[PDB]
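Below you'll find the structure, written out as structure tokens, and then a few comments.
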Amino acid sequence: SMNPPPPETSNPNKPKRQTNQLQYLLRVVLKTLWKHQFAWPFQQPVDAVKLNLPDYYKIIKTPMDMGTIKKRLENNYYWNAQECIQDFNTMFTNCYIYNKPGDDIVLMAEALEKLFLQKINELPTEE
Ligand SMILES: CC[C@@H]1C(=O)N(C)c2cnc(N(C)c3ccc(C(=O)NC4CCN(C)CC4)cc3OC)nc2N1C1CCCC1
């Protein structure tokens with residue numbers, strides 16, 4: 001009946017960097033997934049109130065979405081590429097945990113995840 005606050009995208013006391021891998025995660029990985037025809041459900045936090053899914057944030061205790069990831073990358077919120085990759089994987093996994101296997105939303109996440117894996121396969125060596 002209420003949404004939780006979204007994940008943070010700024011934290012001044014959290015150490016952060018820009019690395020060439022993090023730049024790749026923004027310029028190649030996020031950009032590729034964001035433009036995809038099936039990106040739209042993943043471009044912002046789940047609005048469980050509008051969807052009338054009061055159980056969503058009972059099941060999903062570590063929400064993540066590409067809106068959040070985009071803002072984190074734009075703010076250079078991360079220390080390393082692994083932290084950002086973890087956020088994408090959390091997003092996909094949440095979708096697979098909550099939804100019925102085979103449902104259209106799962107097919108959408110799978111399409112995005114296939115591209116994600118293809119891009120991080122070519123993550124550049126650091127520096
Ligand atoms: C929650 C479980 C499951 C899931 O795992 N995810 C991730 C999921 C996410 N979103 C949606 N839906 C439909 C949305 C899609 C897009 C938007 C969107 O565009 N919002 C924009 C925000 C900014 N404004 C200016 C314009 C509108 C909104 C959404 O819902 C309110 N459905 C999802 N499903 C399922 C798929 C079908 C039944 C629920």
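Below, each value reflects all heavy atoms present in this structure, side chains not excepted, and no hydrogens, waters or symmetry copies. Whatever order the structure lists ligands and atoms in, that order sets their numbers, starting from 1. All residue numbers refer to positions in the sequence shown, counting from 1.
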Can you give me every donor-acceptor pair (side chain of residues 91-107, partner residue at least two apart or in another chain, under 3.5 Å) with its distance?
from	atom 1	to	atom 2	distance (Å)
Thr93	OG1	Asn89	O	2.9
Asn94	ND2	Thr62	O	2.8
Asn94	ND2	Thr90	O	3.3
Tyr96	OH	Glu110	N	3.4
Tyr96	OH	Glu113	OE1	2.7
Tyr98	OH	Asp55	OD1	2.6
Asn99	ND2	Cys95	O	2.8

Per-pair distances, ligand 1 N/O vs protein N/O, less than 3.5 Å:
from	atom 1	to	atom 2	distance (Å)
ligand 1	5 (O)	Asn99	ND2	2.9
ligand 1	10 (N)	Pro41	O	3.4

For the residue pair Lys71 and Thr9, what are the closest heavy atoms and their distance?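 Closest approach of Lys71 to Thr9, heavy atoms only: CB-CG2, 3.6 Å.
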Min side-chain heavy-atom separation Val46-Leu51 under 4.5 Å: yes
If we ignore hydrogens and angles and just use 3.5 Å, is the side chain of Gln21 paired with the main-chain N or O of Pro124 as donor and acceptor? yes
Is there a donor-acceptor contact under 3.5 Å from the side chain of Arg72 to the main chain of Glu8? yes
Approximate separation, where rounding is to 0.5 Å, of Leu30 CG and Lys119 NZ: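 Between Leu30 CG and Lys119 NZ, I get 13.0 Å after rounding to 0.5 Å.
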